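Single chain ahead, by itself, as structure tokens, in the form deposited in one PDB entry.
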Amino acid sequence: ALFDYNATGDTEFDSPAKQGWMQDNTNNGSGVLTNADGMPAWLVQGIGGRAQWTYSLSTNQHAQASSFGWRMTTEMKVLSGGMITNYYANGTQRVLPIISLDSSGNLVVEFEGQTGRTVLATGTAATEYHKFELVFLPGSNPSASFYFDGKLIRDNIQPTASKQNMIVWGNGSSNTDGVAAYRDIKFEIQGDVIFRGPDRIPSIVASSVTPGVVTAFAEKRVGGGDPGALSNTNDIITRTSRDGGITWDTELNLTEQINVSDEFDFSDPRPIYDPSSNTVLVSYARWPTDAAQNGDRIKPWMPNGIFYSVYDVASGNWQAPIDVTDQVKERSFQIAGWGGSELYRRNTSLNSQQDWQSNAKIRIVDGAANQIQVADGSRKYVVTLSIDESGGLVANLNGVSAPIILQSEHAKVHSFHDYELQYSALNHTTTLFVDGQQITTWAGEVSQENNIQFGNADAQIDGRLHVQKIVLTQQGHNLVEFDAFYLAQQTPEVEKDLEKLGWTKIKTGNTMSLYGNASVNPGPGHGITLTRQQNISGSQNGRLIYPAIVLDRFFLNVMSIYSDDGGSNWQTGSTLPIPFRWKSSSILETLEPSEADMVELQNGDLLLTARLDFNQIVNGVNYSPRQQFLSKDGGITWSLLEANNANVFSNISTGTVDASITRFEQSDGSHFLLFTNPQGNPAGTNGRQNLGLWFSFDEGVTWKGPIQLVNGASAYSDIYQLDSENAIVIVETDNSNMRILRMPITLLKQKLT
């Protein structure tokens, strides 16, 4: 909440008394509006008496101030005297800066509870306007810092005992004469509640084109709890502020219009602010109301998907939800030949004396030894697909030494392609077409086998391929038809088992196969619009992107979901590379990255920080509850950053929880990163308490901090830059109540070093 005074000549507000303040003078104390400085200002005349203005607060307001902090900003010039006291007393204590001009005319400041003085200015500067800031940070040992024209003057100012209870400004002394002119006074109590529990999962973004416009989001949880529960009906809600996050409009339910029968739960509002159009595009997941991500309950035949809503900042209008599920929710049969081999063979009776054709729509997730083959009783034709050292898609044909480079652009390397083999009896050769394009012709190898086969063929060569369709034809008749795209979307009432459909499963070692992705979820936090991609091959400026959570069947991982056309068409990137190990040739040990957040670095690389759920130890290596990743291709592929995990964040909580990361750019052009997460209480233990703020001045190599922003409950949070000097934070606190913090970043950074 803000309590302020802005000097103006406008009649309706031409005095502090007309702006909510109470006059509190004694004897000859007085005041008058002055214009001698070009801009109006209120002249406090404390000659022969006290001259001050006060504001009273309630018990609840003082408590909020103590737990979430406060800040006082003053723009004034001292004309003469002393005891110019602008402060806040809460009934038990106060931080009191005493400003005055000494006998030589220098502007100086002293602090109750502190001995000495600090000269702030001399000469003509001593009697000119200046900006004074007092910032109080909560904690077991809370203190305040004083800034003069943006520069840290005094830190760790201890509160002193006092019975006064009020916000005050002016000359607070009946005996000491003091005269000062005020242009503006602002006392802000941090922590206003914007969304109330049991609602949860906050995210927030602000407009750069229209400074002051902020859009916040959360999950409206009627009945409470995570999505997927029969006892709740969850929707996406939002509120907008046009004054920097001080006042907010009516809570708005964005998804009830597409949840008319309460048949769904919506979750994870992931907003992205696009400067090119000055709009906010928020993506969110849909789930049937009785099955979701937790417990892997959601299945491919269920209504999970992703939708988005668009907000026009200029006119302040929201647009109806748009479904993009088909673009980002993969439907296929997946074979993970990681630590083994898994092939499916269907014996056939092809006639090598006549033409035959086969089609296989395949996507290579990773590795090699991924193949599709067809044998017709005379010759065998095998196409082996792999990812080379450069990350390109390569094909090798049996009997041909020279490998064929199919794709070099990472996005196309891991996308689905239609591999079509056309055998010509009269030419005794087979032609390979990829996506309708003729690639090469070869003779294969002599063979007596007659079949069609696909999968990962080598236990010593890791590889994962996803298939959407397989067909073999001859004489205009389909000999084999396997539509995985269709089957993955069917209920258990339909037969989907390859072995029951006529195929033979040939497996060795350890492998896993399954149908389509169980679900896609934008995840908690905000997304970003890239603007430093000029030197990133395959990427582009303007790209909208966020790190989504994808569940294949049992395991969670993260992948980029992005759009290169403003949000109309979306594409998915590759999942994060994580270690895996089979214990005793039977127990799978791997990681499960989930709730993630990303930021674009100065050189265009993308830094991603992700929560690691469930198992966190692989082959004796503990990856902690959080791990950072890096992308050098616009978010298509990632790399796990060695030793860059929860440990780079000193005093971060040891419990798994969502965090937030974002870029902060100052007016001088300099920049750095901001990160928020609970510190735990004590700091460094498991607990969603005391939200902390970390800073990175080296592109995420190291982090400084944390600066404690909250004293008490602190769970999920999201931070975003508000303007050149402030960042806005939304955080879940007591009973998950989401509160707003508006932090003076350019000031706080001075408390580090």
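Heads up, when I say rigid core I mean the largest set of C-alphas that superpose within 1.5 Å between the two forms. Residue numbers run from 1 along the displayed sequence.
Another form, the form deposited in another entry, is not on view; read the next lines as being about it.
- Considering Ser586, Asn603, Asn622, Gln534, one residue stands apart with a C-alpha shift of at least 2 Å between this form and the one not shown following superposition on the core, and it is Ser586.
- Superposed on the core, the two forms barely differ at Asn735: its CA moves less than 2 Å between this form and the one not shown.
- Put the two forms on the same core and the Cα of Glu699 is off by less than 2 Å between this form and the one not shown.
- Put the two forms on the same core and the Cα of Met39 is off by 2 Å or more between this form and the one not shown.
- A shift of at least 3 angstroms brings the Cα atoms of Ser585 and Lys299 nearer to each other in the other entry than in the displayed structure.
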